[PDB]
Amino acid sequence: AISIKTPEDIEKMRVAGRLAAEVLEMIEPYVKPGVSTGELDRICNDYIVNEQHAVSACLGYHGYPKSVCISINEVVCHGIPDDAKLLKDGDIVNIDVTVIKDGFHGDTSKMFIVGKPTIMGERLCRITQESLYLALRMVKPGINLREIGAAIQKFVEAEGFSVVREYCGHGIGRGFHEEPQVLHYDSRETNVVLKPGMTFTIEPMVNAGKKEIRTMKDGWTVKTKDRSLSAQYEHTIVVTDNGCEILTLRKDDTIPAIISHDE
């Protein structure tokens, strides 16, 4: 069921979480107009293997052929790095990373805007990160995941955007995806009360248009049914006695690593 990580295991999660976050901080300077997504993946894998001495949890997972997922514009998730796909000005791109180190997983992703940004692109990404942040500020013992899911949905929909229902956040530890499921919308099936020690991810997928998605015939690429833009941000966190601790925080994040709700 819902596992409570021991202090030792939480420390291992901090290490793994930091590594995942550092892959994103490392790749930043390379996300430029003209670069291929295949190249970005090789850079990430070489870094993960040769420098972090860790391993990508995506490589081989259900047969996935690459180390990280790179999704551009209308692609919602699981975009496959390809040497023929070049980034260009105005593109919004999500790079999703999951590394395993000392037996524990670190899971995180962020949006990158390539070259000259488009206003709609920046807005979609900003609102998506904001939906993740508001959810993070709600995490603390006693709160129900349903409340967080409902809050994310209300915020996103008020902005004229939609939340993807097919995918969700998840518990994480020695396993990539563990209990509980963390839906980013209201559901009567959700009734999970948070406890200190729980580690899970929050990773809303937000579409500028309709919520419906579609899977391409390559068996991996998921796109919006209406071809509207889609954005996602993800962080791995641990519930503490008075709130939570973000384990995959980056220099560019603008929310505190440790959130407290006590007086």
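Basically, rigid core = biggest C-alpha set you can superpose within 1.5 Å across the two forms. From 1 onward, residues are counted along the sequence shown.
In summary, of the stretches 217-225 and 34-42, 217-225 shows the greater Cα distance from the shown form in 9 other deposited structures of this protein, with structures fitted on the rigid core. Legend: mean Cα B-factor per stretch from the PDB entry, 99-107 versus 188-196; the higher mean is in 188-196.
As listed in the deposited structure, the average C-alpha B-factor of 58-66 and of 212-220 is greater for 212-220. Annotation for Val93, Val76, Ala151, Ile119: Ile119 ranks highest, by Cα B-factor.
In the deposited entry, the Cα temperature factor of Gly160 sits in the top third of values across the chain's modelled residues. The deposited CA B-factor of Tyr133 belongs to the lowest third of values across its chain. Annotation for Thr254: CA B-factor lies in the middle third of the chain's modelled residues.
When all modelled residues of the chain are sorted by CA temperature factor, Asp41 is found within the middle third. The entry lists a Cα temperature factor for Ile127 that places it in the lowest third of the chain's modelled residues.
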